[PDB]
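One chain comes next, on its own, written as structure tokens: the form deposited in one PDB entry.
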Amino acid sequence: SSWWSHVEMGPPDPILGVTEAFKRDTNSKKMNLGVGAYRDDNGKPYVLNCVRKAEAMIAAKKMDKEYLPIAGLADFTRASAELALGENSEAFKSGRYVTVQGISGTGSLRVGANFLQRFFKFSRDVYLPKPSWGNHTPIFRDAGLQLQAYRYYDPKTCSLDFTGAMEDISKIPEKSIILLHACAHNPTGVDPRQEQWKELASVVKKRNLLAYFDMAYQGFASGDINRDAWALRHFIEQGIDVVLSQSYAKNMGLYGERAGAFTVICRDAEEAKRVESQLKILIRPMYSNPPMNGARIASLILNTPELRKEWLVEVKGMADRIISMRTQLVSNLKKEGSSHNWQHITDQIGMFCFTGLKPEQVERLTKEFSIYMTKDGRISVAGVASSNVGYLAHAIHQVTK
């Protein structure tokens, strides 16, 4: 009877644990379609060209490794706000915001939840869409908040249940917290249409709710960064002061570098200053100061005109390839003789596809084909290459035949 005799064997993560399982398989034809990580057309990890250059400029400069401020690299911080907000924005222009470097999307999301837990005096509930990224639950839960739900996806029709969302949202108690995915809803790949977003704006405004946006896919929904940030900006411009989390893990392929930011839209710059003081106080005893690498890379790209333009071309390239794989998938399915309607594959946007497969089908896929995906039927289309799209379709067909 030692200290940890009672600690139990916890289970593996529903998403991250897939990669652990995929690693052990000996089948040469294995495919890792669990996590949303982009693969090039050869089915290989892709480090952006602009990233490589940025790295190079950093090396040549013979930079130090000194501790960054608690809030992160200023240059990175101001650049992220700008990327989210837009240069012409009154919020940005007026300096009514505070952005703080975060440990990617998760760390930012968590700093925010913890910030909310500590300063959001009007409520303890966070409303998540149905469904939502698995990780949103434990992030809010460990921070000290309560979880709720609003309707979002309708599996009968493979779309957004707008009537149900509006109903649910219009009943949420005033001053509660609502979580919205900025674009490329994970894992459904279905987003509200702009007119749809306009309507949601009204109700969130009308009910006086704190809108918390999760932006991990800026540039993967349409292949355009300004376009993908529309809703976010529309809310701010309607008078809604949101909070927001950003990730550069996908859009810059900075996965393991862990670069991201958490922002709060305030009333003035003086308010901004005070919010800032408290976020730092919260960050200090968590990890003290953030990791410099990803931040340095991102800043360099965001702040160097030629690198920035290069980056945008690269973002289109990535999105377009994804479209291409979706298209080929459906076509191979038809070719293989599948009867099912696979149109949702091509209707959905972002990195994934919310297929519909039942858990028995998923099991098979892994066992007979060594195709790894999450148990809910979500697959990573982004990790499909010209060379294995055929194997994929054949498997999907076999298991669905």
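Sequential numbering from 1, following the sequence displayed. Heads up, when I say rigid core I mean the largest set of C-alphas that superpose within 1.5 Å between the two forms.
For the pair 192-200 and 244-252, the mean Cα B-factor is higher in 192-200.
Look at the C-alpha B-factors of 316-324 and of 132-140. On average they run higher in 316-324. Highest CA B-factor among the listed residues (88, 146, 218, 186): 88. Across the residues 28, 348, 32, 338, the deposited record lists the maximum Cα B factor for 338.
Placement of the Cα temperature factor of residue 75 within the chain: middle third of the modelled residues, per the deposited record.
When the modelled residues of the chain are ordered by their C-alpha B factor, residue 11 lands in the highest third. Per-chain ranking of the deposited C-alpha B factor places residue 121 in the highest third.
Annotation for residue 170: CA B-factor lies in the highest third of the chain's modelled residues. Annotation for residue 237: C-alpha temperature factor in the highest third relative to the rest of the modelled chain, per the entry.
Another form, the form deposited in another entry, is not on view; read the next lines as being about it.
After superposition on the rigid core, the Cα atom of residue 327 is displaced by 2 Å or more between the shown form and the other one. In the core-superposed comparison between the shown form and the other one, the C-alpha atom of residue 50 has shifted by less than 2 angstroms.
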